[PDB]
Amino acid sequence: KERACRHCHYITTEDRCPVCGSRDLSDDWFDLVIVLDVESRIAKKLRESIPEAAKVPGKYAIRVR
Amino acid sequence: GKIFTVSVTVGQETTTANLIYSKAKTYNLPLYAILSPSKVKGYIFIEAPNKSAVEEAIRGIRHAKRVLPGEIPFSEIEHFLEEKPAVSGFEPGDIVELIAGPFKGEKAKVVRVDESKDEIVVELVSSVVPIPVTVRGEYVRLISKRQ
Amino acid sequence: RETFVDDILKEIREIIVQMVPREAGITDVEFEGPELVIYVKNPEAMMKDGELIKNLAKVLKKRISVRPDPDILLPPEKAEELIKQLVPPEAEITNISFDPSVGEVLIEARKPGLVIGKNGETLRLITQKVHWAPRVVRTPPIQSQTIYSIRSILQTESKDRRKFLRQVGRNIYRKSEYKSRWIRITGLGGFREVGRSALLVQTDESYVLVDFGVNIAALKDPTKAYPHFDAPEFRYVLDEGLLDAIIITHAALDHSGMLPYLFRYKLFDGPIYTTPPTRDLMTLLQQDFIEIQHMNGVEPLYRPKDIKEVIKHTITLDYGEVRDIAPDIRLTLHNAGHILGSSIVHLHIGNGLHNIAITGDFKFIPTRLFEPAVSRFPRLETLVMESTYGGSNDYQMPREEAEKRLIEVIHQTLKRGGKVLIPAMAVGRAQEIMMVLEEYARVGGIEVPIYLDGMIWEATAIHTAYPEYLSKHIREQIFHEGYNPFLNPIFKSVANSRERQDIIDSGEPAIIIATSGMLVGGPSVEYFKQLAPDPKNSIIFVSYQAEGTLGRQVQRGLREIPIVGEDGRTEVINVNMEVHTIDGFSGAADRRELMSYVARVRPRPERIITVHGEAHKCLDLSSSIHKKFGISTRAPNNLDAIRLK
Amino acid sequence: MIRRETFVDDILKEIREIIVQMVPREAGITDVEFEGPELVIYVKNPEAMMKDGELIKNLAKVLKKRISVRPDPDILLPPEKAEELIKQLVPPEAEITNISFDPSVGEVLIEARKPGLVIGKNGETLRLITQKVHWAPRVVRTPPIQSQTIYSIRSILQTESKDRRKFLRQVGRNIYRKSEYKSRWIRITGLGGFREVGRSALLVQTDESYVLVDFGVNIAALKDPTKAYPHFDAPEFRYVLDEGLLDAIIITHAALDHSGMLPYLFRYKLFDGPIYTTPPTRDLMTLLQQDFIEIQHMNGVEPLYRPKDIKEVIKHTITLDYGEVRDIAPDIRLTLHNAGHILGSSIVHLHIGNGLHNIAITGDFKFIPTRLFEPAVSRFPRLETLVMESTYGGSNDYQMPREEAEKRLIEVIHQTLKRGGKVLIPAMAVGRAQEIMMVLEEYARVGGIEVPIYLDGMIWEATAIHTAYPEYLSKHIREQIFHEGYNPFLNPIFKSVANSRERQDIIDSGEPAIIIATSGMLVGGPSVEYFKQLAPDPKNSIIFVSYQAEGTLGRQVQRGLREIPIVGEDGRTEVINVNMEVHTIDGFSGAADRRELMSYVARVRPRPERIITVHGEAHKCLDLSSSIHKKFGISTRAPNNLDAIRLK
RNA sequence: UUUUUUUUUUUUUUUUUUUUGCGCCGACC
DNA sequence: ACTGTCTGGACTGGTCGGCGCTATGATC
DNA sequence: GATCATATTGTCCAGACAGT
Ligand SMILES: [Zn+2]
Ligand SMILES: [Zn+2]
Ligand SMILES: [Zn+2]
């Protein structure tokens with residue numbers, strides 16, 4: 001199963017969080033966002049919404065529940 | 001860059017987006033970002049400088065049908081990136097339809113709305129007696145808006 | 001909520017492996033509803049005798065169900081052959097079913113006593129030589145559609161049933177023996193009124209609903225037809241899904257009418273604890289109610305799939321069997337004597353903290369059908385009693401002269417060549433009338449056939465399927481002797497309208513027992529229409545006739561009744577037949593019977609709650625009990641909560 | 001909060017239509033909205049609104065609602081010009097102290113020593129000044145003695161004006177979510193205080209609205225949380241709190257066993273809504289909660305709630321006066337009547353539906369005349385169910401009469417002042433202490449004693465609150481304050497200490513004095529220090545006015561034991577020798593005895609259909625219920641906790 | 001030394017009588 | 001006003017019998 | 001090993017129409 005972090009909204013397959021090292025990950029999330037370039041327009045839009053998102057390219061989630 | 005639409009099989013947008021992302025990573029495709037909202041079914045958004053990059057990225061995948069010949073303005077998909085509760089935007093007194101949950105395919109009237117717990121209380125319209133029930137905000141769909 | 005079922009299961013497994021010898025080979029231990037299931041690889045060492053199983057059940061205080069491991073399973077054909085060879089030929093085995101998922105074989109036999117054994121040793125022998133846990137049910141002498149349908153539904157949904165049972169067992173044993181801080185009793189319906197009964201038992205840990213029913217008299221008004229769904233406690237229980245179980249006292253629409261409505265809107269997901277006769281009769285009655293509501297043109301309350309879901313969520317309990325339905329509540333059922341499968345609900349909350357007995361509809365005098373209600377309990381503190389006949393002047397006539405008058409009226413009618421039409425309920429008084437008629441005809445008094453039309457045949461078949469729930473006389477006749485009173489050749493069933501027309505047109509005398517006491521539907525109206533002009537015939541009323549019904553119009557003495565004809569014109573029915581009324585066959589307890597039950601109950605309850613009756617009748621009964629015995633009595637209204645402890 | 005159907009828009013439209021039809025065009029209606037139970041009307045030209053005083057009364061009678069008329073915020077006088085006009089226009093004898101302006105709603109708060117001059121005959125002065133200033137006035141009484149609690153509450157309300165206005169608007173929208181609705185059924189569940197003393201909790205439940213009455217805490221069994229707090233495990237209470245369906249909370253009087261649990265709900269965000277209480281009750285319950293958390297911190301135990309929770313309780317409290325009928329629910333109307341137990345003590349009267357049923361919850365009350373407060377109101381327009389306290393419901397529970405108790409207290413003070421002995425009277429700050437000071441002042445008025453009386457602790461705050469609210473006192477005290485012009489509270493013999501130095505040098509002065517201190521149980525405060533420094537002083541007297549509980553220093557003092565070892569601070573123990581005589585006068589209690597309860601039952605009007613006896617021991621409650629049933633024939637009940645009784 | 005809320009009775013049972021379509025190929029008159 | 005071009009349509013009735021054809025990829 | 005959504009979008013005659 002794939003779970004998303006509650007802090008940086010990063011989806012990872014292991015317990016450790018490779019972005020902020022948070023131990024609270026949520027198994028329920030929607031609207032998967034894939035970031036390949038940091039300077040992307042949608043990455044910039046997500047940055048002003050969630051400050052911790054789009055710091056490192058990879059999978060991301062819009063909301064955590 | 002520019003937002004482009006890729007028509008994919010309904011209910012399997014996340015896997016197609018993941019395969020496209022992996023192919024772009026492995027083969028160094030000039031793909032900027034990929035957005036796949038859960039509410040949108042059968043369509044994904046890929047940011048690329050030109051549609052030729054999208055066409056080259058999505059080819060070779062059975063589940064990527066075609067790229068829509070057009071460019072989406074960023075204001076159209078701006079609201080998708082913003083995080084808003086599903087309960088918000090609902091007012092008591094209207095009629096909603098429960099897409100999922102134990103009450104699938106049932107019409108209900110909204111009674112109480114609270115954004116703290118992200119839950120909405122509704123009353124079934126076909127019930128002979130009013131029995132309020134608590135359901136998730138994302139499970140309901142607004143049929144009509146009255147009061 | 002937090003649960004400790006895993007720790008309890010681990011402790012139980014440790015106790016088992018401490019007590020059971022190692023050669024048995026215990027593999028899995030789990031909970032299936034209110035009983036414990038143990039899987040072993042060597043059933044021979046586990047159950048060489050019943051003493052080990054009895055000791056395990058006594059120590060664990062659970063119902064032990066030993067099943068073989070699924071890996072060691074004989075082929076179904078070899079298993080069937082071995083079961084047929086082991087069972088004596090006197091027990092006629094009809095159907096044998098197998099469950100590949102869990103070790104269990106269902107055996108349908110005409111004589112389940114021989115299959116079970118004198119002390120259960122035959123079941124152990126079968127499950128040892130064949131490695132299949134046996135379950136024995138009775139094949140009725142008269143085929144029943146409802147019971148066959150229920151068995152087919154249970155067999156075809158084995159996986160869902162097993163999942164539901166496992167979930168129920170996990171929910172029941174979420175924690176060990178817990179002492180409740182307080183016990184609360186609230187009545188959502190049936191308090192100071194007749195019909196739409198609903199009793200909620202609330203503790204600090206578990207919630208129990210008792211005889212959730214519906215009202216038919218006030219069906220036009222939704223505020224009185226259904227129990228109070230607006231109660232804050234009931235709303236909190238239903239919204240959070242904290243309802244542990246639902247128990248139905250007996251199969252009647254005022255006690256089980258609202259049960260499928262909860263499953264229609266997914267308001268309930270737990271188990272239902274009724275006796276098998278109660279389950280079958282309540283399913284038949286609910287189906288008939290749905291069909292009647294559909295035929296009347298009104299919107300049906302629920303659907304047959306909801307009744308199927310009720311069947312799939314029903315756990316069957318016998319008389320005197322103690323089962324754990326909650327972490328702090330223990331439930332046992334005792335005979336009530338009202339109808340077939342009628343049970344008095346006894347609740348043992350805590351480890352001796354409190355005891356509640358909900359009698360419901362019951363009878364305390366011996367009858368031709370069932371034994372009198374059980375008045376002895378291991379412990380009793382609060383008693384909930386019906387007050388249908390709680391008035392001071394309410395005194396039903398004794399049974400013997402009422403049945404003598406019925407017999408002499410029938411004999412007089414048959415002497416002149418007339419026909420006897422007896423409108424009656426689907427269950428209850430009809431079977432008592434058939435038993436009385438069979439007793440009268442067994443000595444050669446009458447030779448005319450007795451015709452049962454409508455649901456009378458189905459109810460008779462259901463009654464034959466469960467002879468152990470009947471009275472001691474019928475039980476002795478069926479078991480000790482080879483004579484079945486229900487299997488008399490005088491009882492005939494009419495299949496279609498052609499047979500009914502032949503019966504009506506025949507000049508030979510006959511007795512017809514229809515299925516509509518008020519002549520408001522069914523074959524009763526047709527029989528009355530086609531037999532009214534004949535002066536030799538007679539009609540006997542054995543139940544109260546409500547105002548506005550055809551039966552009340554005939555009973556009052558109306559010689560002519562204008563009705564709508566087939567062509568749309570008014571038709572006149574000339575009632576030249578004799579009219580008789582014998583209301584001595586009512587299954588409800590008399591006021592004298594209620595007083596005798598209060599006086600002779602052991603132990604004496606601390607308080608008595610009077611429900612299920614008119615407000616003045618309930619108040620009169622409570623005042624009479626308080627003045628005669630000194631016990632504190634209350635007659636609360638609806639939405640009233642009483643803190644017993 | 002939680003969103004509801006909120007049909008208040010149609011009701012407001014109909015009310016505006018009625019106002020337009022009745023009130024003239026020149027009034028200039030601009031905005032009509034609900035601020036709690038009251039109705040707020042904004043007018044461009046308030047001159048034509050109130051040319052005659054009968055128009056507002058007629059509009060209020062027609063609309064059946066309290067109406068507050070304020071000018072539109074578009075036109076407003078400057079605050080300096082408005083203040084100058086108000087100061088120069090009111091009579092100089094009003095003695096206005098502080099003037100505060102609220103430009104958001106166009107309301108001015110006026111604080112004066114004599115609000116009667118500001119209001120005038122049927123509000124003619126108020127109408128004239130708000131016509132000449134174009135500002136909605138609100139008048140409160142400035143106490144002769146400065147009160148820290150009242151000043152802090154007023155400052156908090158003024159500084160938090162916008163959130164208070166938003167909360168009031170939300171409350172008004174929630175109250176009028178439906179029109180005049182007739183309830184189908186009424187039931188009352190006792191979550192606490194039933195067949196027990198303390199931690200009272202009464203929940204009135206209808207098919208539309210839920211009302212909580214007197215949410216309190218128990219201090220005798222605080223060690224066990226099950227017996228200290230109201231029953232939160234009740235399914236009805238859980239359903240009400242989880243769904244946010246609690247319409248309002250009403251407090252009968254300020255006590256820890258009636259209002260001690262209020263900050264707990266706001267600490268964990270369990271309840272969000274209005275609290276209806278008398279302003280003296282609000283001030284005294286805030287003081288009591290502050291004392292409770294202070295003594296909890298001093299004892300080393302974790303406090304139940306923080307002072308910010310008390311501030312939240314203050315910000316969510318709506319104040320009502322005696323005899324004012326207000327709508328708190330679509331089907332429930334609330335009225336408060338005098339109880340006579342303590343200052344601000346009220347009898348909760350609930351009018352459910354349009355004459356469908358009426359419930360009166362007396363709580364703690366007194367029926368005999370009292371020097372401090374008038375006797376409880378026994379006359380109601382409609383009454384069907386009566387809920388009353390049963391603290392002294394036993395047949396032998398007859399208390400010692402006040403007149404000869406006062407005579408005994410006077411002779412004790414005489415025999416202890418002729419010899420020049422010091423006096424120590426341990427009493428609670430809210431209870432019998434004020435009655436003791438009133439008795440002493442009346443005795444010293446003739447000239448029997450001239451030694452000043454020192455009040456140490458929270459007694460000064462309670463005295464200041466009593467001065468700030470004299471209209472809730474007895475008829476004689478109101479007469480003396482208003483027309484006689486003499487203030488019994490302002491006697492020169494009443495002195496207040498400043499710090500521990502004043503206590504120390506008044507201890508070592510040696511002159512005879514009368515000392516009143518809080519913490520009558522002698523568990524803390526200045527009382528223990530005063531007793532420690534008074535124990536070796538020969539020839540002194542101490543009077544006890546309340547019952548003493550086991551395990552306390554007061555019980556040991558009352559027992560008359562010669563050796564009283566008391567553990568001191570910093571982990572060291574101290575031993576003192578007592579030669580100080582003890583006096584026991586339990587005649588100043590504010591709880592009605594058995595005879596008063598029977599007299600109240602007999603003299604109530606109209607006779608209720610049923611009487612429910614609560615707030616007392618189980619045997620006493622049962623005895624009182626049986627006695628009332630045998631004497632008057634009324635169907636009485638003594639329900640236990642978690643018992644719901646259907647009334648209609 | 002003080003203003004603006006209201007109040008009361010008429011609707012009954014525990015339930016009922018039968019393979020459509022699609023296309024291809026061959027063939028007769 | 002002529003003239004070549006694009007588009008739509010109907011393709012004789014009946015009868016005999018036979019011979020196939022009417023899901024699939026991806027979790028849980 | 002069992003189920004679940006989804007599953008792609010032949011020539012000739014006559015009438016209407018751009019082109020010169
Ligand atoms: Zn993270
Ligand atoms: Zn019944
Ligand atoms: Zn009190």
# chains A, B, ... in the order shown; residues from 1 in each chain; ligands from 1

call {"tool": "residues_near_ligand", "arguments": {"ligand": "ligand 1", "cutoff": "7 Å", "atoms": "only C-alpha atoms (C1' of nucleotides) and all ligand atoms", "output": "PyMOL selection string"}}
result
chain A and resi 5-10+17-22

call {"tool": "residues_around", "arguments": {"residues": "residue 17 (chain G)", "least_positions_apart": "6", "cutoff": "12 Å", "atoms": "only C-alpha atoms (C1' of nucleotides)", "output": "PyMOL selection string"}}
result
chain F and resi 3-7

call {"tool": "residues_near_ligand", "arguments": {"ligand": "ligand 2", "cutoff": "12 Å", "atoms": "only C-alpha atoms (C1' of nucleotides) and all ligand atoms", "output": "PyMOL selection string"}}
result
(chain C and resi 189-191+193-198+211-216+248-257+338-339+342-343+358-362+385-389+587-589+611-613) or (chain E and resi 14)

call {"tool": "residues_around", "arguments": {"residues": "residue 28 (chain B)", "least_positions_apart": "5", "cutoff": "10 Å", "atoms": "only C-alpha atoms (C1' of nucleotides)", "output": "list in words"}}
result
residues 22, 23 and 57 of chain B

call {"tool": "write_last_selection", "arguments": {"atoms": "N, CA and C atoms", "output": "PDB file, in the first residue's frame"}}
result
ATOM      1  N   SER B  22       7.228   7.490 -14.872  1.00  0.00           N
ATOM      2  CA  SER B  22       8.376   6.588 -14.879  1.00  0.00           C
ATOM      3  C   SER B  22       9.066   6.574 -16.238  1.00  0.00           C
ATOM      4  N   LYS B  23       8.286   6.570 -17.323  1.00  0.00           N
ATOM      5  CA  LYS B  23       8.872   6.607 -18.659  1.00  0.00           C
ATOM      6  C   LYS B  23       9.632   7.907 -18.891  1.00  0.00           C
ATOM      7  N   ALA B  57       5.457  11.063 -25.148  1.00  0.00           N
ATOM      8  CA  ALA B  57       5.454  10.433 -23.832  1.00  0.00           C
ATOM      9  C   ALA B  57       4.337   9.405 -23.704  1.00  0.00           C
TER      10      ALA B  57
END

call {"tool": "residues_around", "arguments": {"residues": "residue 515 (chain D)", "least_positions_apart": "5", "cutoff": "12 Å", "atoms": "only C-alpha atoms (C1' of nucleotides)", "output": "ChimeraX atom specification"}}
result
/D:421-427,433,436-437,440,451-457,459,493-497,503,506-507,526-527,529-531,534,540-543

call {"tool": "closest_atom_pairs", "arguments": {"of": "chain D", "to": "ligand 3", "cutoff": "8 Å", "atoms": "only C-alpha atoms and all ligand atoms", "output": "CSV"}}
result
residue,atom,partner,partner_atom_place_in_ligand_line,distance
D:197,CA,ligand 3,1 (Zn),7.4
D:198,CA,ligand 3,1 (Zn),6.6
D:200,CA,ligand 3,1 (Zn),7.9
D:255,CA,ligand 3,1 (Zn),6.9
D:257,CA,ligand 3,1 (Zn),5.8
D:258,CA,ligand 3,1 (Zn),6.3
D:363,CA,ligand 3,1 (Zn),6.5
D:364,CA,ligand 3,1 (Zn),5.2
D:389,CA,ligand 3,1 (Zn),7.8
D:615,CA,ligand 3,1 (Zn),6.7
